[PDB]
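Please read the structure below before turning to the comments.
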Amino acid sequence: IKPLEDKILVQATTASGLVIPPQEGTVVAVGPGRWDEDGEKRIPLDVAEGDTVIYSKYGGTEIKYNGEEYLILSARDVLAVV
Amino acid sequence: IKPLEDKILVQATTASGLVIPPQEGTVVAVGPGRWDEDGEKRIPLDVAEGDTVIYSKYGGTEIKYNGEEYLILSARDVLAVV
Amino acid sequence: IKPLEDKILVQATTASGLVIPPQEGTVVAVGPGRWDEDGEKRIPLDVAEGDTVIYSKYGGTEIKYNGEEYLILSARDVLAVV
Amino acid sequence: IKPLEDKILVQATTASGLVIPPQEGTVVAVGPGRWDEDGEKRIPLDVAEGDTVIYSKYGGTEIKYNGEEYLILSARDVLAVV
Amino acid sequence: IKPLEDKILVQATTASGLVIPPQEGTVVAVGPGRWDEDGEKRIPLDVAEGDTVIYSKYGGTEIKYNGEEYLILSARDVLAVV
Amino acid sequence: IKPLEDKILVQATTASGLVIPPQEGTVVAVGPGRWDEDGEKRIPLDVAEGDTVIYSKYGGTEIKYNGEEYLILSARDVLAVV
Amino acid sequence: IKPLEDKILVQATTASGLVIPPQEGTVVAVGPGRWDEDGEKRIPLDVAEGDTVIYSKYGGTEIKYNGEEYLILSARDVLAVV
């Protein structure tokens, strides 16, 4: 599963030591990014595989595979990295 | 059926080995791409014919032909390729 | 009837051999196109007179003339050509 | 009455020989056009006085003058010229 | 009362000879205009003091001063000049 | 209290001699302004400390301090200076 | 916790000496900023760690950690620094 431009695939108290009154997870896959409006180049994402991130699930598309639960979410949903 | 600029024609548990609690399908046709705002060049899509993709059916335009079910959906709908 | 910049005049199971659960039709007229944002040039449409196209009728303006039914739709509405 | 940048003043089955299930009318006045976002130049409108056009009445501002009924509508509303 | 960039101060059948089924009035003050997005220069308004204009009252901010009723309305509201 | 880029801090019949059927007030603090979309420079605001201004309270964020009632509103809200 | 591009992590009458009829707090972390639309560079934020700011909680994402309450809110939410 290769997220298309812009999306990132995230593998779904929190195991990090944080209480969330917004899930936490590990970036497993990342895409190319949104091309410039000019199409000259693509803007890169500031998250990379293995990054443990905090995101919201809005617009998320959950999909399960061999025991793991994955989420294909847009980069706009990743709020922070711990 | 030749999708016009930006649209891709997709042919509609999953045969890939994935559980989708969003459909999966095969990219059958692809268009030119949205022109730059400047009209200089068109932005290329990151899916090609034969690609097996995961997309959402929103705004989709289903059309049946000789027993097959097709969907003309915008590129913004394709989330990932497996 | 001359579609102003960007619009295209379309003449309204399908005679093509396609089942549409989106209408199909024949492009009878086409406009100049959206000027670039800078106003330098116009972007051209990828459809021309006689093309048989598949489109959605959203925002369409139906108008009848000498027994034929016509639709002035924006280029954003034409999804494919057969 | 001089339509300010972008608007055109239109003078309101149709007298042209068309059935509209969108009114038809004669372009009586036209404005300069929208300035470039950069304000370098203004974008010209593809309609001129005397043009007989088909448009929609949305956001239109009807005003009556010496027995004639006029409409100050934005350029975006003129769909085609006959 | 000096309209800040873009706004124009207008002083509120019509005395001009027009019937409005959109009020008419006299431009009493005009502002600098919107800066370009680049900030290089401001885009000028096409109304000047003394201009008698037709506008809509949407988003207007009526204020009364020494018996006169005034309106601070955005230039986007002034439709034409008579 | 220093209004961040673009906001201005205003200090809340009117004492100017105007009737407002929109409050009037004094500009106590002003921010740097919105960076160009390019980030090259920031766009300056056309009001300055001491300016007595007429604005709308929409989106305003009222805060009191030592008996005085203040408002942090975006420049888009300041309509004119008297 | 590292706010991704544009967000800033804030640490939640007010201890400053202000009455808020909008919370106040201390900027604990700051993100790179939004890339330019062109992606050339990122626009910098006008708040830095330690800044005590006044913001609104809209769209905020509250998260507690070792007894402290934090908020990951977008820069658009920071209204002023005291």
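Chains as they are written, first to last, in PDB author numbering: chain F, 5 to 16, 22 to 30, 37 to 97; chain D, 5 to 16, 22 to 30, 37 to 97; chain E, 5 to 16, 22 to 30, 37 to 97; chain C, 5 to 16, 22 to 30, 37 to 97; chain B, 5 to 16, 22 to 30, 37 to 97; chain A, 5 to 16, 22 to 30, 37 to 97; chain G, 5 to 16, 22 to 30, 37 to 97.
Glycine residues also receive a C-beta, built at the ideal position from the N, C-alpha and C atoms.
Contact belief for residue i with residue j at Cβ below 8 Å, rounded distance in angstroms
| i | j | result |
| --- | --- | --- |
| residue 42(B) | residue 65(B) | 7 Å |
| residue 8(A) | residue 27(G) | Incorrect: roughly 16 Å between the Cβ atoms, too far for contact. |
| residue 23(A) | residue 12(A) | With 8 Å as the limit, residue 23(A) and residue 12(A) do not qualify as a contact, their Cβ atoms being about 19 Å apart. |
| residue 15(F) | residue 48(F) | Between residue 48(F) and residue 15(F) the Cβ distance is about 20 Å, and since that is not below 8 Å, they are no contact. |
| residue 84(C) | residue 77(C) | 7 Å |
| residue 53(F) | residue 53(D) | 7 Å |
Closest residue to residue i among the options (Cα-Cα distance)
| i | options | result |
| --- | --- | --- |
| residue 86(D) | 70(D), 97(D), 96(D) | 70(D) |
| residue 96(G) | 81(A), 44(A), 25(A) | 44(A) |
| residue 17(A) | 10(A), 89(A), 81(A) | No atoms are given for residue 17(A), which sits in the stretch of chain A between 16 and 22 that the model skips. |
| residue 67(F) | 51(F), 81(F), 6(F), 38(F) | 38(F) |
| residue 91(C) | 10(E), 5(E), 6(E) | 10(E) |
| residue 80(G) | 53(F), 25(F), 84(F) | 25(F) |
| residue 6(D) | 84(E), 6(E), 62(E), 51(E) | 62(E) |
Along the segment 47–79 of chain A, where does the CB come closer than 8 Å to a CB of chain G? Name the residues.
Sequence-ordered contacts of the segment 47–79 of chain A with chain G read 47, 50, 52, 53, 54, 76, 77, 78, 79 [C-beta pairs closer than 8 Å].
Going along the chain, which unbroken runs of the beta strand (DSSP E) with 3 or more residues stay wholly within the segment 49–92 of chain B?
Counting only runs of 3 or more, we get 67–70, 76–80, 83–89.
Please determine if the segment 50–65 of chain F and the segment 49–60 of chain E are in contact, where contact requires at least 3 C-beta pairs separated by less than 8 Å.
Verdict: no, contact absent.
Residues in the segment 79–97 of chain C with C-beta within 8 Å of chain E's C-beta atoms, listed in sequence order?
Only 93, 94, 95, 96, 97 from the segment 79–97 of chain C bring a Cβ to less than 8 Å from some Cβ of chain E.
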